[PDB]
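**Q** Can you read through this structure? Questions will come right after.
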Amino acid sequence: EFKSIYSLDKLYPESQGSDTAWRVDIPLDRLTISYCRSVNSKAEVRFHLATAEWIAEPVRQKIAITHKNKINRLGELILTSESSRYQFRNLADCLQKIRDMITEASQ
Amino acid sequence: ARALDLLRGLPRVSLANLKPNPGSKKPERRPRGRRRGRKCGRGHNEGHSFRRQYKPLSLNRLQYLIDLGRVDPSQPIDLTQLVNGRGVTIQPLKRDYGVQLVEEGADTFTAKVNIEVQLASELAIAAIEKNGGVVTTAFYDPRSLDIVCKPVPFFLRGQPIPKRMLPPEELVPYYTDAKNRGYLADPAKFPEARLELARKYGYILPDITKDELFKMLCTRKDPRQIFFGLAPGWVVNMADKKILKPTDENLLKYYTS
Amino acid sequence: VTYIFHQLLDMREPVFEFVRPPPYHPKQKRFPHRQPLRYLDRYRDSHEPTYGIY
Amino acid sequence: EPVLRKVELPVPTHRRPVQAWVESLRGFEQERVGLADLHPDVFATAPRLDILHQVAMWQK
Amino acid sequence: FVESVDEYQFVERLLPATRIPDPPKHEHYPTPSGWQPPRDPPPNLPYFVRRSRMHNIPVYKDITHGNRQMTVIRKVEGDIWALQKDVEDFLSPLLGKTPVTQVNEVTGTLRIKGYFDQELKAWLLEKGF
Ligand SMILES: [Mg+2]
């Protein structure tokens, strides 16, 4: 191959490995997500707050207290919002709304 | 199909029959006469030019070309691929920028690719990485992009291969940051960005190095090399199917910029 | 009440929502003008949607 | 003997083959020797005399 | 300075193409973006539809005269009046009024006043051929 004078072998002189391209909180198995155009839509995510092992007991109590309106009759906390419907903008401020609720219940 | 035999029911269609289609041209009225004419037609933006333009590539249409087979995923997805099958066209003129990804609706999109566009959304980066894509953003300078995009003619132009210059100062900080998943940034800073995006996308970032086309995915294009498979300064002898490359030391030095 | 619904009435007990009307949402134009970033995100839903296609 | 000159490009199934006799100028009284075909796009499209007059104008 | 070279495989992938071929097989139907192959064998309906050079269902809009929106299927073949009657019948529940449609018998086309486009593409798709 050919290497530039300003090539990445020098432009990123420290990192010569391939794996540093993409090498590496909210659980993926526990929650359930939903999106459906209802034009209009409403995109929601629900999870059993009683079965929430990812939340501390005082944090779970604070979630069950503050988001008691979000706690369903089946004890499932759900959250729905409104911007646009697909992969990256619609599911994960639903996830991040859950995460921010957890963070606010922490303190 | 009664058409051909119904035509066979006449004499030979000679030159005496080729009638203009009724409604071909409205009648050429000489502006006169008792009805049409008695008097005959008289009676008794400051920086719009310095604004950049980047062709927005509909990535749903990229999925179409993936499905329609215009651009196969077996090799890298470059501007060579982006133009070569006529899925979306570029215009070198009008002081343009180049190819940049679009931003709507990545539902039902199952393929593996390695996208190299000038710009894209963070949602587009997560869109590529959701099935595990590769996203890189260098520049494509005006003469450089024009040479790159329609590679057929410059392959027979006769001058030696130019090398792509770096982006201008305004475009420099764009490529300098890995948060754009670009080309001119730190190759280790990209990993924390991928993790943060996978958190922000709620995405399970697979270990793409374990995949079969990981080496195919390992191709991240060298700067100042428009041709993905060829050497800087080269000459495509398209008649003899040869590659004419220089060997002179100062020529190699000015070539190795 | 639920006990009478299940045993005596022999039917599933209904539950009512008491839901208010939703926002009208303002008119969508071509450009947001002087408004903040919230103008372009009104009339769909929500939180993780994305770009053209994977 | 026989000869069957089919079309090289695969004509679609939405029409049958477009066949006719195959001739030659060799026999002064011996024609109709062999028969072949062509795609519908070759000799069996729509009649479309208007296109032909367009061809006439672009010629003349 | 000069040196003859034989590595033109990189030249080969650089050669853009012209003659567009039929698509590679996506296993499920419809495609990821929802493209489709035409069904085989074609149906025994005297209305006959060909597809595009770039291989889609041949339906198009039509814009003129400021408010004039209409649509047309272009490459019709066969007894096109049957396709017109069918389009009116499908349109019959769609808007109630009788279909304002005209064929182009020499041009072998059908056109319906108004844009009923995506549903018409659906009707042709459900026809399969
Ligand atoms: Mg029109």
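Going by the structure tokens order, chains are called A, B, ..., each with residues numbered from 1, while ligands are numbered from 1 in the order shown.
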Using only C-alpha atoms and all ligand atoms, determine which residues fall within 9 Å of ligand 1, then list them as JSON, numbers by chain.

**A** {"E": [60, 61, 62, 63, 64, 68, 69, 70, 71]}

**Q** Output the contact residues of chain C with respect to chain E at a cut-off of 12 Å, based on only C-alpha atoms, as a list in words.

**A**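 In the required form, that comes to residues 52, 53 and 54 of chain C.
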
**Q** Starting from chain B, keep only residues with some atom at most 10 Å from an atom of chain E, counting only C-alpha atoms, and report them as number ranges by chain.

**A** B: 1-3, 60-70, 72, 75, 80-81, 83-86, 106-111, 150-152, 155, 227-231, 236-238, 240-249, 251

**Q** Would you export the selected residues with N, CA and C atoms as a short mmCIF file (atom, residue, chain, number, x, y, z; two decimals), in the first residue's frame, please?

**A**
data_model
loop_
_atom_site.label_atom_id
_atom_site.label_comp_id
_atom_site.auth_asym_id
_atom_site.auth_seq_id
_atom_site.Cartn_x
_atom_site.Cartn_y
_atom_site.Cartn_z
N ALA B 1 -53.48 -10.63 -30.04
CA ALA B 1 -53.21 -9.23 -30.33
C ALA B 1 -53.65 -8.89 -31.74
N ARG B 2 -54.83 -8.30 -31.85
CA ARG B 2 -55.43 -8.01 -33.15
C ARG B 2 -54.72 -6.91 -33.91
N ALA B 3 -53.76 -6.23 -33.28
CA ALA B 3 -53.15 -5.04 -33.87
C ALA B 3 -52.40 -5.35 -35.16
N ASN B 60 -32.40 5.19 2.40
CA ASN B 60 -33.43 4.25 1.99
C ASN B 60 -33.24 3.85 0.54
N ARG B 61 -32.81 4.79 -0.29
CA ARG B 61 -32.49 4.44 -1.67
C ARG B 61 -31.18 3.67 -1.73
N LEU B 62 -30.30 3.89 -0.76
CA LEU B 62 -29.15 3.01 -0.65
C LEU B 62 -29.59 1.59 -0.35
N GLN B 63 -30.61 1.44 0.50
CA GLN B 63 -31.18 0.13 0.74
C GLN B 63 -31.84 -0.41 -0.51
N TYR B 64 -32.42 0.47 -1.31
CA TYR B 64 -33.01 0.05 -2.58
C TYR B 64 -31.95 -0.53 -3.50
N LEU B 65 -30.87 0.22 -3.70
CA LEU B 65 -29.77 -0.24 -4.54
C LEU B 65 -29.13 -1.50 -3.97
N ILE B 66 -29.11 -1.62 -2.65
CA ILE B 66 -28.72 -2.87 -2.02
C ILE B 66 -29.67 -3.97 -2.42
N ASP B 67 -30.96 -3.71 -2.36
CA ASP B 67 -31.93 -4.71 -2.76
C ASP B 67 -31.97 -4.86 -4.27
N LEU B 68 -31.92 -3.75 -5.00
CA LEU B 68 -32.01 -3.80 -6.45
C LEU B 68 -30.70 -4.20 -7.10
N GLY B 69 -29.63 -4.33 -6.32
CA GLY B 69 -28.38 -4.81 -6.86
C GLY B 69 -27.58 -3.78 -7.63
N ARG B 70 -27.91 -2.50 -7.51
CA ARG B 70 -27.07 -1.49 -8.13
C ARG B 70 -25.70 -1.42 -7.48
N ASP B 72 -23.54 -3.66 -4.83
CA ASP B 72 -23.46 -4.86 -4.00
C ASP B 72 -22.65 -4.58 -2.75
N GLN B 75 -17.99 -5.51 -1.63
CA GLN B 75 -16.80 -4.67 -1.61
C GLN B 75 -17.13 -3.35 -0.93
N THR B 80 -17.06 5.87 -5.77
CA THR B 80 -17.01 5.00 -6.94
C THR B 80 -18.22 4.08 -6.99
N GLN B 81 -18.51 3.40 -5.90
CA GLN B 81 -19.75 2.64 -5.82
C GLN B 81 -20.98 3.53 -5.88
N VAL B 83 -21.60 6.22 -7.42
CA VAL B 83 -21.95 6.77 -8.72
C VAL B 83 -22.08 5.67 -9.76
N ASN B 84 -21.23 4.65 -9.67
CA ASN B 84 -20.95 3.73 -10.76
C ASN B 84 -22.18 3.03 -11.31
N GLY B 85 -23.18 2.77 -10.49
CA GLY B 85 -24.37 2.12 -10.96
C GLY B 85 -25.56 3.01 -11.20
N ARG B 86 -25.37 4.33 -11.11
CA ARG B 86 -26.44 5.31 -11.28
C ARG B 86 -27.58 5.07 -10.30
N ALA B 106 -34.93 4.46 9.07
CA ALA B 106 -34.10 3.28 8.83
C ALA B 106 -34.79 1.99 9.21
N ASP B 107 -36.11 2.02 9.32
CA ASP B 107 -36.87 0.80 9.58
C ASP B 107 -36.74 -0.16 8.41
N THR B 108 -36.64 -1.46 8.74
CA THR B 108 -36.57 -2.56 7.77
C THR B 108 -35.38 -2.40 6.82
N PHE B 109 -34.17 -2.50 7.37
CA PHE B 109 -32.95 -2.29 6.60
C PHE B 109 -31.88 -3.26 7.07
N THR B 110 -31.73 -4.37 6.36
CA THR B 110 -30.89 -5.48 6.81
C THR B 110 -29.79 -5.74 5.79
N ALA B 111 -28.62 -5.13 6.02
CA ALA B 111 -27.46 -5.34 5.16
C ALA B 111 -26.21 -4.90 5.91
N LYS B 150 -16.62 10.87 -11.59
CA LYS B 150 -16.80 10.23 -12.88
C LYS B 150 -15.44 9.65 -13.24
N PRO B 151 -15.09 8.48 -12.71
CA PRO B 151 -13.70 8.03 -12.83
C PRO B 151 -13.35 7.53 -14.21
N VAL B 152 -14.33 7.34 -15.08
CA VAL B 152 -14.10 6.81 -16.42
C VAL B 152 -13.20 7.75 -17.20
N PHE B 155 -9.51 8.39 -15.91
CA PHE B 155 -8.75 7.19 -16.20
C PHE B 155 -8.18 7.20 -17.61
N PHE B 227 -8.52 6.88 -5.80
CA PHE B 227 -8.72 5.49 -6.19
C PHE B 227 -8.44 4.58 -5.00
N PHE B 228 -9.43 3.76 -4.66
CA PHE B 228 -9.34 2.89 -3.49
C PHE B 228 -8.31 1.78 -3.69
N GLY B 229 -8.10 1.37 -4.94
CA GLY B 229 -7.16 0.30 -5.20
C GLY B 229 -5.89 0.68 -5.92
N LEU B 230 -5.64 1.96 -6.17
CA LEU B 230 -4.52 2.34 -7.02
C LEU B 230 -3.54 3.23 -6.26
N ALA B 231 -2.44 3.56 -6.92
CA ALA B 231 -1.30 4.21 -6.31
C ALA B 231 -1.31 5.69 -6.66
N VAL B 236 -3.34 5.32 -15.71
CA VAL B 236 -4.09 4.16 -16.16
C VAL B 236 -3.95 4.03 -17.67
N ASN B 237 -2.99 3.22 -18.11
CA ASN B 237 -2.83 2.92 -19.53
C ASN B 237 -3.96 1.97 -19.90
N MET B 238 -5.10 2.55 -20.28
CA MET B 238 -6.32 1.78 -20.50
C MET B 238 -6.27 0.97 -21.78
N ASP B 240 -3.29 -0.68 -23.10
CA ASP B 240 -2.43 -1.83 -22.87
C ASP B 240 -2.72 -2.50 -21.53
N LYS B 241 -3.73 -2.01 -20.81
CA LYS B 241 -4.13 -2.52 -19.49
C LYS B 241 -2.96 -2.50 -18.51
N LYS B 242 -2.30 -1.35 -18.41
CA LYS B 242 -1.10 -1.22 -17.60
C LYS B 242 -1.21 -0.02 -16.66
N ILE B 243 -0.29 0.03 -15.70
CA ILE B 243 -0.22 1.12 -14.73
C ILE B 243 1.15 1.75 -14.84
N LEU B 244 1.20 3.00 -15.27
CA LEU B 244 2.45 3.74 -15.40
C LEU B 244 2.68 4.55 -14.14
N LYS B 245 3.71 4.18 -13.38
CA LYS B 245 4.00 4.87 -12.14
C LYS B 245 5.42 5.41 -12.15
N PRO B 246 5.63 6.61 -11.61
CA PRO B 246 6.98 7.17 -11.59
C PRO B 246 7.85 6.52 -10.52
N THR B 247 9.16 6.73 -10.65
CA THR B 247 10.12 6.22 -9.68
C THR B 247 11.11 7.29 -9.22
N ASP B 248 10.97 8.53 -9.69
CA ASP B 248 11.93 9.57 -9.35
C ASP B 248 11.75 10.03 -7.91
N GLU B 249 12.87 10.28 -7.24
CA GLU B 249 12.88 10.47 -5.80
C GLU B 249 12.17 11.74 -5.37
N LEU B 251 10.09 13.29 -7.29
CA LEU B 251 8.74 13.01 -7.74
C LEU B 251 8.01 12.10 -6.77
#

**Q** What is the atom CA of residue 48 of chain C-atom CA of residue 74 of chain B distance in Å, reported with one decimal?

**A**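 So the two atoms, atom CA of residue 48 of chain C and atom CA of residue 74 of chain B, lie 29.5 Å apart.
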
**Q** Taking 6 positions as the minimum chain separation for residues in the same chain, which residues sit within 9 Å of residue 95 of chain A when counting only C-alpha atoms? Answer as an MDAnalysis selection string.

**A** (chainID A and resid 26 31 33 45 79) or (chainID B and resid 200 202) or (chainID C and resid 47:48)

**Q** Using atom CA of residue 24 of chain A and atom CA of residue 214 of chain B as the two end points, give the distance in Å to one decimal.

**A**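 Atom-to-atom, atom CA of residue 24 of chain A and atom CA of residue 214 of chain B are spaced 17.0 Å apart.
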
**Q** Could you list, as number ranges by chain, every residue within 12 Å of residue 1 of chain D, counting only C-alpha atoms and ignoring same-chain residues fewer than 4 positions away?

**A** D: 22, 32-35

**Q** Could the residues in this selection be saved with N, CA, C and O atoms as an mmCIF file, in the first residue's frame?

**A**
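Saved file selection11.cif follows:
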data_model
loop_
_atom_site.group_PDB
_atom_site.id
_atom_site.type_symbol
_atom_site.label_atom_id
_atom_site.label_comp_id
_atom_site.auth_asym_id
_atom_site.auth_seq_id
_atom_site.Cartn_x
_atom_site.Cartn_y
_atom_site.Cartn_z
ATOM 1 N N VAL D 22 -37.357 -19.093 -42.374
ATOM 2 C CA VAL D 22 -36.002 -18.631 -42.655
ATOM 3 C C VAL D 22 -35.693 -18.943 -44.110
ATOM 4 O O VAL D 22 -35.889 -20.076 -44.565
ATOM 5 N N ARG D 32 -37.991 -21.165 -48.579
ATOM 6 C CA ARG D 32 -38.602 -21.785 -47.400
ATOM 7 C C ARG D 32 -37.797 -22.998 -46.941
ATOM 8 O O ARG D 32 -38.273 -24.132 -46.923
ATOM 9 N N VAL D 33 -36.551 -22.732 -46.571
ATOM 10 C CA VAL D 33 -35.636 -23.764 -46.093
ATOM 11 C C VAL D 33 -35.175 -23.320 -44.710
ATOM 12 O O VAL D 33 -34.307 -22.459 -44.562
ATOM 13 N N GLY D 34 -35.750 -23.927 -43.683
ATOM 14 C CA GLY D 34 -35.472 -23.526 -42.320
ATOM 15 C C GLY D 34 -36.444 -22.476 -41.834
ATOM 16 O O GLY D 34 -37.090 -21.760 -42.600
ATOM 17 N N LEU D 35 -36.551 -22.381 -40.512
ATOM 18 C CA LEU D 35 -37.451 -21.413 -39.892
ATOM 19 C C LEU D 35 -36.861 -21.062 -38.534
ATOM 20 O O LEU D 35 -36.256 -21.917 -37.887
#

**Q** With a cut-off of 7 Å and counting only C-alpha atoms, select all residues of chain A in contact with chain C and give the selection as a list in words.

**A**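 The contacting residues on chain A are residues 40, 41, 42, 43, 81, 82, 83, 84, 85, 86, 87, 88, 89, 90, 91, 92, 93 and 94 of chain A.
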
**Q** Would you list the contacts of segment 7-16 of chain D as a VMD selection string, taking every protein, DNA or RNA residue within 9 Å and counting only C-alpha atoms, but skipping same-chain residues closer than 3 positions in sequence?

**A** (chain D and resid 19 36 to 41) or (chain E and resid 41 to 42 48 to 50)

**Q** With N, CA, C and O atoms kept, could you save the residues just selected as an mmCIF file, in the first residue's frame?

**A**
data_model
loop_
_atom_site.group_PDB
_atom_site.id
_atom_site.type_symbol
_atom_site.label_atom_id
_atom_site.label_comp_id
_atom_site.auth_asym_id
_atom_site.auth_seq_id
_atom_site.Cartn_x
_atom_site.Cartn_y
_atom_site.Cartn_z
ATOM 1 N N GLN D 19 -41.878 -16.007 -34.299
ATOM 2 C CA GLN D 19 -41.238 -16.892 -35.258
ATOM 3 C C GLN D 19 -41.754 -16.670 -36.674
ATOM 4 O O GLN D 19 -42.873 -16.204 -36.899
ATOM 5 N N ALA D 36 -37.049 -19.821 -38.108
ATOM 6 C CA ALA D 36 -36.440 -19.351 -36.875
ATOM 7 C C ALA D 36 -37.370 -18.371 -36.177
ATOM 8 O O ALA D 36 -38.553 -18.280 -36.517
ATOM 9 N N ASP D 37 -36.839 -17.650 -35.201
ATOM 10 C CA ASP D 37 -37.629 -16.682 -34.463
ATOM 11 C C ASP D 37 -36.807 -15.458 -34.084
ATOM 12 O O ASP D 37 -35.610 -15.365 -34.352
ATOM 13 N N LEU D 38 -37.488 -14.520 -33.443
ATOM 14 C CA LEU D 38 -36.898 -13.323 -32.876
ATOM 15 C C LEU D 38 -37.753 -12.900 -31.691
ATOM 16 O O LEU D 38 -38.904 -13.330 -31.551
ATOM 17 N N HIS D 39 -37.174 -12.066 -30.834
ATOM 18 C CA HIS D 39 -37.873 -11.575 -29.654
ATOM 19 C C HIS D 39 -39.026 -10.676 -30.070
ATOM 20 O O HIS D 39 -39.000 -10.119 -31.170
ATOM 21 N N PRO D 40 -40.059 -10.535 -29.237
ATOM 22 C CA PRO D 40 -41.113 -9.560 -29.546
ATOM 23 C C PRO D 40 -40.587 -8.146 -29.663
ATOM 24 O O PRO D 40 -41.082 -7.382 -30.495
ATOM 25 N N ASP D 41 -39.546 -7.800 -28.918
ATOM 26 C CA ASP D 41 -38.924 -6.490 -29.037
ATOM 27 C C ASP D 41 -38.224 -6.288 -30.374
ATOM 28 O O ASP D 41 -37.822 -5.162 -30.684
ATOM 29 N N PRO E 41 -45.673 -17.989 -12.651
ATOM 30 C CA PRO E 41 -45.913 -17.454 -13.993
ATOM 31 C C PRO E 41 -46.871 -16.278 -13.961
ATOM 32 O O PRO E 41 -47.545 -16.080 -12.953
ATOM 33 N N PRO E 42 -46.911 -15.498 -15.034
ATOM 34 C CA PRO E 42 -47.808 -14.346 -15.076
ATOM 35 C C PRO E 42 -49.259 -14.790 -15.105
ATOM 36 O O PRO E 42 -49.568 -15.905 -15.555
ATOM 37 N N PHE E 48 -52.395 -6.654 -19.384
ATOM 38 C CA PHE E 48 -51.018 -7.080 -19.205
ATOM 39 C C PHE E 48 -50.148 -5.874 -18.903
ATOM 40 O O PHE E 48 -50.256 -4.834 -19.561
ATOM 41 N N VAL E 49 -49.275 -6.041 -17.917
ATOM 42 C CA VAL E 49 -48.402 -4.984 -17.436
ATOM 43 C C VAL E 49 -46.965 -5.450 -17.586
ATOM 44 O O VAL E 49 -46.624 -6.562 -17.171
ATOM 45 N N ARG E 50 -46.142 -4.618 -18.212
ATOM 46 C CA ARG E 50 -44.702 -4.794 -18.157
ATOM 47 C C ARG E 50 -44.130 -3.936 -17.033
ATOM 48 O O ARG E 50 -44.778 -3.028 -16.510
#

**Q** Please check the contacts: residues of chain D at most 9 Å away from chain E, using only C-alpha atoms, listed as an MDAnalysis selection string.

**A** chainID D and resid 13:14 46:50

**Q** So that I can check the secondary structure, give me every residue of chain D assigned strand (DSSP E) by backbone DSSP, as a ChimeraX atom specification.

**A** /D:18-21,35-38

**Q** Once you have the residues from the selection above, write them out as a CSV table (one decimal), in the first residue's frame, restricted to N, CA and C atoms.

**A**
chain,number,residue,atom,x,y,z
D,18,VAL,N,-41.3,-15.0,-31.4
D,18,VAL,CA,-41.8,-14.3,-32.6
D,18,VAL,C,-41.2,-15.0,-33.8
D,19,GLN,N,-41.9,-16.0,-34.3
D,19,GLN,CA,-41.2,-16.9,-35.3
D,19,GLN,C,-41.8,-16.7,-36.7
D,20,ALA,N,-40.9,-17.0,-37.6
D,20,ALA,CA,-41.2,-17.0,-39.1
D,20,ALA,C,-40.3,-18.0,-39.8
D,21,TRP,N,-40.6,-18.1,-41.1
D,21,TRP,CA,-39.7,-18.9,-41.9
D,21,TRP,C,-38.4,-18.3,-42.1
D,35,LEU,N,-36.6,-22.4,-40.5
D,35,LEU,CA,-37.5,-21.4,-39.9
D,35,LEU,C,-36.9,-21.1,-38.5
D,36,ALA,N,-37.0,-19.8,-38.1
D,36,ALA,CA,-36.4,-19.4,-36.9
D,36,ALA,C,-37.4,-18.4,-36.2
D,37,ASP,N,-36.8,-17.6,-35.2
D,37,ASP,CA,-37.6,-16.7,-34.5
D,37,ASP,C,-36.8,-15.5,-34.1
D,38,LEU,N,-37.5,-14.5,-33.4
D,38,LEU,CA,-36.9,-13.3,-32.9
D,38,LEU,C,-37.8,-12.9,-31.7

**Q** Based on only C-alpha atoms, which of the residues in chain B come within 6 Å of chain C? I want them as a ChimeraX atom specification.

**A** /B:58-60,102-106,109,123-124,127-128

**Q** From a DSSP calculation on the backbone, collect every residue of segment 169-227 of chain B in alpha helix (DSSP H) and output the set as a PDB file with N, CA, C and O atoms, in the first residue's frame.

**A**
ATOM      1  N   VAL B 172     -11.821  21.775   8.238  1.00  0.00           N
ATOM      2  CA  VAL B 172     -10.804  21.023   8.976  1.00  0.00           C
ATOM      3  C   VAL B 172     -11.327  20.527  10.313  1.00  0.00           C
ATOM      4  O   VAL B 172     -11.176  19.331  10.607  1.00  0.00           O
ATOM      5  N   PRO B 173     -11.935  21.358  11.166  1.00  0.00           N
ATOM      6  CA  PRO B 173     -12.410  20.854  12.464  1.00  0.00           C
ATOM      7  C   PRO B 173     -13.497  19.812  12.346  1.00  0.00           C
ATOM      8  O   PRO B 173     -13.656  19.003  13.267  1.00  0.00           O
ATOM      9  N   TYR B 174     -14.241  19.807  11.239  1.00  0.00           N
ATOM     10  CA  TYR B 174     -15.251  18.781  11.019  1.00  0.00           C
ATOM     11  C   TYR B 174     -14.610  17.408  10.899  1.00  0.00           C
ATOM     12  O   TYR B 174     -15.036  16.448  11.550  1.00  0.00           O
ATOM     13  N   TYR B 175     -13.569  17.299  10.085  1.00  0.00           N
ATOM     14  CA  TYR B 175     -12.881  16.030   9.936  1.00  0.00           C
ATOM     15  C   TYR B 175     -11.983  15.713  11.117  1.00  0.00           C
ATOM     16  O   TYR B 175     -11.636  14.545  11.316  1.00  0.00           O
ATOM     17  N   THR B 176     -11.625  16.712  11.917  1.00  0.00           N
ATOM     18  CA  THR B 176     -10.686  16.536  13.013  1.00  0.00           C
ATOM     19  C   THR B 176     -11.302  15.831  14.209  1.00  0.00           C
ATOM     20  O   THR B 176     -10.571  15.395  15.101  1.00  0.00           O
ATOM     21  N   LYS B 189     -10.068   7.378  19.609  1.00  0.00           N
ATOM     22  CA  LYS B 189     -11.201   8.145  20.097  1.00  0.00           C
ATOM     23  C   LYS B 189     -12.518   7.660  19.517  1.00  0.00           C
ATOM     24  O   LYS B 189     -13.572   7.907  20.112  1.00  0.00           O
ATOM     25  N   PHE B 190     -12.479   6.967  18.389  1.00  0.00           N
ATOM     26  CA  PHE B 190     -13.647   6.415  17.725  1.00  0.00           C
ATOM     27  C   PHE B 190     -14.328   5.352  18.579  1.00  0.00           C
ATOM     28  O   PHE B 190     -15.553   5.195  18.514  1.00  0.00           O
ATOM     29  N   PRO B 191     -13.573   4.597  19.379  1.00  0.00           N
ATOM     30  CA  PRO B 191     -14.197   3.529  20.174  1.00  0.00           C
ATOM     31  C   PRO B 191     -15.120   4.034  21.261  1.00  0.00           C
ATOM     32  O   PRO B 191     -16.222   3.489  21.421  1.00  0.00           O
ATOM     33  N   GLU B 192     -14.701   5.051  22.014  1.00  0.00           N
ATOM     34  CA  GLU B 192     -15.567   5.621  23.036  1.00  0.00           C
ATOM     35  C   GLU B 192     -16.788   6.273  22.410  1.00  0.00           C
ATOM     36  O   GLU B 192     -17.882   6.237  22.984  1.00  0.00           O
ATOM     37  N   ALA B 193     -16.619   6.865  21.229  1.00  0.00           N
ATOM     38  CA  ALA B 193     -17.753   7.412  20.501  1.00  0.00           C
ATOM     39  C   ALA B 193     -18.730   6.322  20.095  1.00  0.00           C
ATOM     40  O   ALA B 193     -19.944   6.513  20.195  1.00  0.00           O
ATOM     41  N   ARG B 194     -18.214   5.181  19.634  1.00  0.00           N
ATOM     42  CA  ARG B 194     -19.083   4.072  19.260  1.00  0.00           C
ATOM     43  C   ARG B 194     -19.845   3.544  20.465  1.00  0.00           C
ATOM     44  O   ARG B 194     -21.042   3.247  20.369  1.00  0.00           O
ATOM     45  N   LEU B 195     -19.168   3.434  21.608  1.00  0.00           N
ATOM     46  CA  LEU B 195     -19.841   2.986  22.825  1.00  0.00           C
ATOM     47  C   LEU B 195     -20.900   3.984  23.277  1.00  0.00           C
ATOM     48  O   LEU B 195     -22.011   3.591  23.660  1.00  0.00           O
ATOM     49  N   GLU B 196     -20.573   5.278  23.236  1.00  0.00           N
ATOM     50  CA  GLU B 196     -21.518   6.304  23.659  1.00  0.00           C
ATOM     51  C   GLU B 196     -22.718   6.360  22.731  1.00  0.00           C
ATOM     52  O   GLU B 196     -23.844   6.598  23.176  1.00  0.00           O
ATOM     53  N   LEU B 197     -22.497   6.142  21.435  1.00  0.00           N
ATOM     54  CA  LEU B 197     -23.604   6.110  20.493  1.00  0.00           C
ATOM     55  C   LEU B 197     -24.473   4.882  20.698  1.00  0.00           C
ATOM     56  O   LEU B 197     -25.702   4.988  20.654  1.00  0.00           O
ATOM     57  N   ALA B 198     -23.853   3.719  20.923  1.00  0.00           N
ATOM     58  CA  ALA B 198     -24.609   2.503  21.192  1.00  0.00           C
ATOM     59  C   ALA B 198     -25.451   2.641  22.448  1.00  0.00           C
ATOM     60  O   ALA B 198     -26.573   2.130  22.497  1.00  0.00           O
ATOM     61  N   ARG B 199     -24.928   3.327  23.463  1.00  0.00           N
ATOM     62  CA  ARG B 199     -25.759   3.722  24.591  1.00  0.00           C
ATOM     63  C   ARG B 199     -26.860   4.683  24.167  1.00  0.00           C
ATOM     64  O   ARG B 199     -28.008   4.536  24.597  1.00  0.00           O
ATOM     65  N   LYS B 200     -26.536   5.650  23.312  1.00  0.00           N
ATOM     66  CA  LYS B 200     -27.521   6.640  22.900  1.00  0.00           C
ATOM     67  C   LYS B 200     -28.496   6.052  21.893  1.00  0.00           C
ATOM     68  O   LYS B 200     -29.648   6.492  21.798  1.00  0.00           O
ATOM     69  N   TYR B 201     -28.057   5.059  21.125  1.00  0.00           N
ATOM     70  CA  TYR B 201     -28.944   4.364  20.206  1.00  0.00           C
ATOM     71  C   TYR B 201     -29.637   3.188  20.863  1.00  0.00           C
ATOM     72  O   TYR B 201     -30.543   2.603  20.261  1.00  0.00           O
ATOM     73  N   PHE B 214     -14.760  -8.707   8.152  1.00  0.00           N
ATOM     74  CA  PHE B 214     -14.080  -7.744   9.012  1.00  0.00           C
ATOM     75  C   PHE B 214     -12.865  -7.153   8.318  1.00  0.00           C
ATOM     76  O   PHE B 214     -12.605  -5.951   8.427  1.00  0.00           O
ATOM     77  N   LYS B 215     -12.101  -7.991   7.615  1.00  0.00           N
ATOM     78  CA  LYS B 215     -11.007  -7.488   6.796  1.00  0.00           C
ATOM     79  C   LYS B 215     -11.526  -6.617   5.665  1.00  0.00           C
ATOM     80  O   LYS B 215     -10.929  -5.579   5.355  1.00  0.00           O
ATOM     81  N   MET B 216     -12.631  -7.026   5.036  1.00  0.00           N
ATOM     82  CA  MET B 216     -13.303  -6.152   4.085  1.00  0.00           C
ATOM     83  C   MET B 216     -13.782  -4.885   4.774  1.00  0.00           C
ATOM     84  O   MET B 216     -13.667  -3.790   4.217  1.00  0.00           O
ATOM     85  N   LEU B 217     -14.289  -5.018   5.991  1.00  0.00           N
ATOM     86  CA  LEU B 217     -14.609  -3.858   6.801  1.00  0.00           C
ATOM     87  C   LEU B 217     -13.370  -3.146   7.310  1.00  0.00           C
ATOM     88  O   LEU B 217     -13.450  -1.959   7.635  1.00  0.00           O
TER      89      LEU B 217
END
